[PDB]
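S.K.: Sequence plus experimental coordinates follow:
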Amino acid sequence: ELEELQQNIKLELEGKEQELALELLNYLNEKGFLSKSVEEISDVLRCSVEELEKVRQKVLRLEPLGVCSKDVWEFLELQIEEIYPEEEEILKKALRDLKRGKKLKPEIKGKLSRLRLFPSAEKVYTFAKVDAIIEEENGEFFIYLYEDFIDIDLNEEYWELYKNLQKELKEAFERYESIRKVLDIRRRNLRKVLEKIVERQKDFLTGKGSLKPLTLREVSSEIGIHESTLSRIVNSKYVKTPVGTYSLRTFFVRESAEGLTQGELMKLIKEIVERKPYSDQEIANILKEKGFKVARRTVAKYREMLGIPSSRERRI
DNA sequence: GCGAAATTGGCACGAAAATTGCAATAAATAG
DNA sequence: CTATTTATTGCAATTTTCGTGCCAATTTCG
């Protein structure tokens, strides 16, 4: 809630920014955004509009994200910049044409489902259709498929053919049983994927765990499908889980060293930091003895993403 | 202090991988 | 029944991302 934001405000903010931020949000709709403009917010606290508009852009950058922003679009625009920069080019493009009105591709609609409109379960898009489902009790681990309920829809030709009939139904069943078999292999491939990914990702779907690395090259060499055909499965197929409904491409990550997802790795560096302490190359030595071989330079980049002004400057 | 080893960041290049365009084959519809 | 264009699998090329290596710039220790 607000208590969560106020406590994080003091960590990275000092001076007027901390004094301003606490008094800065007394203006909001329970949807999370303020009814007042920066024009009015400046005159009340006896501060200029250069200070307020400067700090507000930083305040949304602290979890929980996107608090003060007035527009839904600023919240969505900040979500794409701050969260999904890899696809940020495409995602921002989906918002503009949507405002003027427009249609959306099944992939573009699903890509936008990850965004949230405003701060519990509010989300912009929820799928009417889901291409599979997965769940676990403490009991493990159920995969429904979708097409398991689906069979060839008899077209007008078969129904009207009753208008050498013994041979006619033969041919219709010949074509049908052939396509019914290929559709079984197409859905059987779905079962092969999830049964494989569940082994790694068990923690992620259930609970406390965080995403474990998975490579298409790793998976596509595990079973008959090639990575080229596997890549279009993950993009076009969506799944429901105990925690959320994800693109199926969200379960594939890249690994550094013996692990590791970039997230799990980032937390380790932040944990090791928890005058004397090691600067950079020294900290890579802790992990190499920790079982994970790393590079001296690589810890520097992850030291920049999460706040570490310096391991040296934390000494002074 | 002076010199040598270093912390840190940059420009980037390379490797491992993923996505999209291309072509070949199996298929369906129309003439 | 044959031909054309229709879609899916497999292959190749390109772009995509992420790590790491070295050198330069500022620093610390012997």
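M.R.: Great, that's in hand. Numbers count the residues shown, from 1 in each chain, chains lettered A, B, ... in the order given.
S.K.: quick one: the helix or strand encompassing residue A:191 to chain centroid distance?
M.R.: Element membership for residue A:191, per DSSP states H and E: helix A:165-206. Relative to its chain's centre, helix A:165-206 lies at 28 Å (C-alpha atoms, centre = their mean, to the nearest Å).
S.K.: What segments of the stretch 201-316 of chain A are helices?
M.R.: Along the stretch 201-316 of chain A, counting by DSSP state H, counting those that start in this stretch, helices occupy A:216-220, A:227-236, A:262-273, A:281-289, A:296-305.
S.K.: okay if I get these as CSV plus distance to residue A:6 and mean neighbour count?
M.R.: Just so you know, the C-beta spots here come from the backbone N, C-alpha and C atoms, and that holds for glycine as well. What follows is the helices of the stretch 201-316 of chain A, written out as CSV (distance: least, C-beta to C-beta, whole Å; neighbours: other C-beta atoms under 10 Å):
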stretch, distance to residue A:6, mean neighbour count
helix A:216-220, 43, 16
helix A:227-236, 40, 14
helix A:262-273, 22, 15
helix A:281-289, 32, 15
helix A:296-305, 25, 15
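S.K.: Reformat those as JSON lines; add distance to residue A:116.
M.R.: Output for the helices of the stretch 201-316 of chain A, formatted as JSON lines (distance: least, C-beta to C-beta, whole Å):
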{"stretch": "helix A:216-220", "distance to residue A:116": "28"}
{"stretch": "helix A:227-236", "distance to residue A:116": "22"}
{"stretch": "helix A:262-273", "distance to residue A:116": "19"}
{"stretch": "helix A:281-289", "distance to residue A:116": "34"}
{"stretch": "helix A:296-305", "distance to residue A:116": "22"}
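S.K.: Residue A:173 is nearest to which of the ones you listed?
M.R.: Of all the helices of the stretch 201-316 of chain A, helix A:227-236 sits nearest to residue A:173, with 28.5 Å by C-beta to C-beta.
S.K.: Pull the number of nearby residues for residue A:211.
M.R.: Residue crowding around residue A:211 was assessed by other C-beta atoms under 10 Å; the count is 18.
S.K.: scratch that, residue A:197
M.R.: 21.
S.K.: wait, isn't it in contact with residue A:214?
M.R.: Yes: look at residue A:197 against residue A:214 with C-beta atoms under 8 Å: they come within range, at 6.2 Å.
S.K.: Compare the helices of the stretch 201-316 of chain A and report which one is nearest to residue A:133.
M.R.: helix A:227-236 (15.9 Å).
S.K.: Who are the packing partners of the closest one?
M.R.: The contact analysis (3 or more C-beta pairs under 8 Å, 6 or more residues apart in numbering; DSSP states H and E) places helix A:227-236 against helix A:106-111, helix A:165-206, helix A:216-220.
S.K.: In TSV, list those along with distance to DNA strand B.
M.R.: Below are those laid out as TSV (distance: least, C-beta to the nearest atom of the strand, whole Å):
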stretch	distance to DNA strand B
helix A:106-111	9
helix A:165-206	5
helix A:216-220	3
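S.K.: Give me the contact status of the one helix or strand residue A:77 maps to with DNA strand C.
M.R.: Using DSSP H and E, residue A:77 sits within helix A:72-82. No: Helix A:72-82 stays clear of DNA strand C (C-beta under 7 Å from any atom of the strand), getting no nearer than 13.5 Å.
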